[PDB]
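Single-structure report; data block below.
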Amino acid sequence: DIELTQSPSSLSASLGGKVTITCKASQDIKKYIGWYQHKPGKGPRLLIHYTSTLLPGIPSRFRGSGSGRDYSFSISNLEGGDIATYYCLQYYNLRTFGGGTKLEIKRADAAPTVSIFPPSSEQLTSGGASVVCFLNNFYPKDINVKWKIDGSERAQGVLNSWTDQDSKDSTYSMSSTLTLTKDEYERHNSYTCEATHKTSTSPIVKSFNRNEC
Amino acid sequence: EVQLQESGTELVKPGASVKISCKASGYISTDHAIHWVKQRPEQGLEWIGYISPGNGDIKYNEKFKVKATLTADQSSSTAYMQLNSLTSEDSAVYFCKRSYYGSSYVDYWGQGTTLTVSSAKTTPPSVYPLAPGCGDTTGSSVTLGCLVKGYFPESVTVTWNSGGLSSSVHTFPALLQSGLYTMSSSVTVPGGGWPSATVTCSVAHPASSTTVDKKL
Ligand SMILES: CCCC[C@H](NC(=O)CCC(=O)O)P(=O)(O)Oc1ccccc1
């Protein structure tokens with residue numbers, strides 16, 4: 001077995017420029033390394049084998065190079081349609097893949113439109129309360145959202161999931177839910193959602209005054 | 001033509017053992033070794049091992065030696081991998097692929113089997129409406145949401161406004177909360193004040209038979 005470090009993971013590429021992925025091995029692997037492309041939805045498509053030998057049908061903007069342990073993968077023209085994860089794969093002694101480069105398209109920074117949502121009444125009658133704060137359309141991906149009760153930072157109960165990068169806008173959105181029991185919820189009034197995002201120095205805070213407005 | 005056809009989703013309880021297949025049609029099974037490859041949620045690929053149906057040697061990733069058992073039913077060209085002691089960490093997509101020799105045209109991968117491993121049973125989703133409350137509302141747009149809370153297994157389709165509101169629907173991937181899955185979506189509609197067409201989110205969960213339409 002041989003370890004294979006590959007870097008970066010995440011590359012923000014601009015459509016029109018080049019990307020250079022790298023896999024460095026633990027032993028000399030003698031140019032037996034391959035490069036795969038893995039989009040969502042399908043199984044991995046092989047691109048290059050034995051370091052430099054392109055595949056039938058694979059474009060020459062993809063290029064591969066390297067020799068001992070060091071090897072590089074290069075896409076001269078990142079095309080709208082090369083956004084996938086690339087894994088390298090030695091096979092000089094059994095098989096080992098690199099962690100992969102996830103590519104995403106780099107674009108202007110954009111700030112999130114935050115919304116906070118109270119518990120729906122129907123959730124309360126069930127005995128629970130999830131407060132849900134949407135953070136829609138921003139860039140870059142990084143957003144750190146804090147949940148606060150009456151100025152009190154609560155961190156458990158928080159569930160977070162992000163959208164995939166939207167094909168026709170290239171932003172990311174996030175959802176943040178704070179799941180609390182009916183009782184905990186009824187004993188507090190202010191609930192605050194606080195996004196700390198690169199686009200603005202000051203945190204984006206949003207609060208709703210419980211029920212009475 | 002050459003196909004490697006894999007077993008359908010295996011849903012299974014922790015501690016158990018699963019056996020997943022790779023039905024090799026369209027070529028001579030003994031020619032190529034079958035490798036199995038593990039596909040990790042969010043990112044990553046891990047080689048498990050290979051069985052060569054020709055000379056019969058199997059070689060495993062050291063890391064998988066105790067977890068996986070690789071086998072082939074030569075008479076029917078179906079190679080199977082068995083996974084013993086399923087923890088929640090073996091939730092994943094598993095793939096088999098026939099080896100690629102020299103400079104061949106294309107590399108043949110199976111469609112993969114998803115194994116979601118757990119002790120939970122089918123549960124219809126609890127749907128709740130999300131509408132902005134009394135926060136002024138004298139402008140901007142409006143974003144409406146629906147919280148698909150607590151279901152098993154994954155498969156929930158949240159159609160907005162019975163399809164009408166395709167406009168900008170964000171649908172956030174489901175994550176595990178206390179043993180079940182929670183998920184949500186959002187639509188933004190043009191300016192303030194949605195009350196005209198009763199907007200409605202409609203979520204369906206196949207394994208159950210559930211169709212909830214929360215409008216208000
Ligand atoms: C880079 C292509 C070389 C393929 C390897 N094949 C050779 O090493 C065979 C010798 C030859 O080139 O003739 P294999 O498909 O076995 O490894 C794997 C294992 C898992 C996933 C993908 C490929």
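Every number for a ligand or one of its atoms is a count from 1 in the order of the listing. Computed over heavy atoms, backbone and side chain alike; hydrogens, waters and symmetry mates excluded. Naming convention: chains lettered A, B, ... in sequence-line order (proteins, then strands); numbering from 1 in each chain.
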Between B:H35 and ligand 1, does any nitrogen or oxygen pair lie at a separation below 3.5 Å? yes
Any N/O of A:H49 closer than 3.5 Å to an N/O of ligand 1? no
Mode of A:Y91 contact toward ligand 1 - side chain, backbone, both, neither (heavy atoms, under 4.0 Å): side chain
Residue, atom and distance of the protein heavy atom nearest atom 6 (N) of ligand 1 read B:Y100 O, 3.1 Å
Quick one: does B:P153's side chain get under 4.5 Å of B:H205's, heavy atoms only? yes
May I ask you to list the atoms of ligand 1 that are less than 4.0 angstrom from any heavy atom of B:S99? 15 (O), 16 (O)
Got a donor-acceptor contact below 3.5 angstrom from the B:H170 side chain to the A:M174 backbone? no
Quiz question: by atom type and distance under 3.5 Å, do the side chains of B:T143 and A:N136 form a donor-acceptor pair? no
Closest non-hydrogen contact found for A:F134 with B:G145 is CE1-CA, 3.9 Å
Please check if any side-chain donor atom of A:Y139 sits under 3.5 Å from a side-chain acceptor atom of A:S12, or the reverse. yes
Looking only at protein heavy atoms, which one is nearest to atom 14 (P) of ligand 1, and how far off is it? A:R95 NE, 3.4 Å
Between A:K30 and A:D28, does at least one N-O distance fall below 4.0 Å, as a salt bridge requires? yes
What part of A:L89 sits under 4.0 Å from ligand 1 if we count only heavy atoms: the side chain, the backbone, both or neither? side chain
Applying a heavy-atom cut-off of 4.0 Å, say which part of A:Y32 lies close to ligand 1: side chain, backbone, both or neither. neither
Could you work out, with salt bridge (charged side-chain N to carboxylate O under 4.0 Å, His left out) as the rule, every residue matching B:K59, not counting sequence neighbours? none
Return the residue, atom name and 0.1 Å-rounded distance of the protein heavy atom closest to atom 12 (O) of ligand 1. B:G102 N, 3.3 Å
Atom 10 (C) of ligand 1 [closest protein heavy-atom partner, distance rounded to 0.1 Å]: B:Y101 CD2, 4.0 Å
Judged by modelled atom types alone, do B:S141 and B:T188 share a side-chain donor-acceptor pair under 3.5 Å? no
Does B:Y105 have more than 12 heavy atoms from other residues, nucleotides or ligands lying within 6.0 Å of its OH? no
Any atoms of ligand 1 less than 4.0 Å from a non-hydrogen atom of B:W109? List them with their elements. 21 (C), 22 (C)
When you measure from atom 23 (C) of ligand 1 to every protein heavy atom, which one gives the shortest distance, and what is it? B:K97 NZ, 3.3 Å
Any N or O of B:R98 that comes nearer than 3.5 Å to an N or O of ligand 1? no
Atoms of ligand 1 close to A:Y36 [distance to a heavy atom under 4.0 angstrom, numbered from 1]: 22 (C), 23 (C)
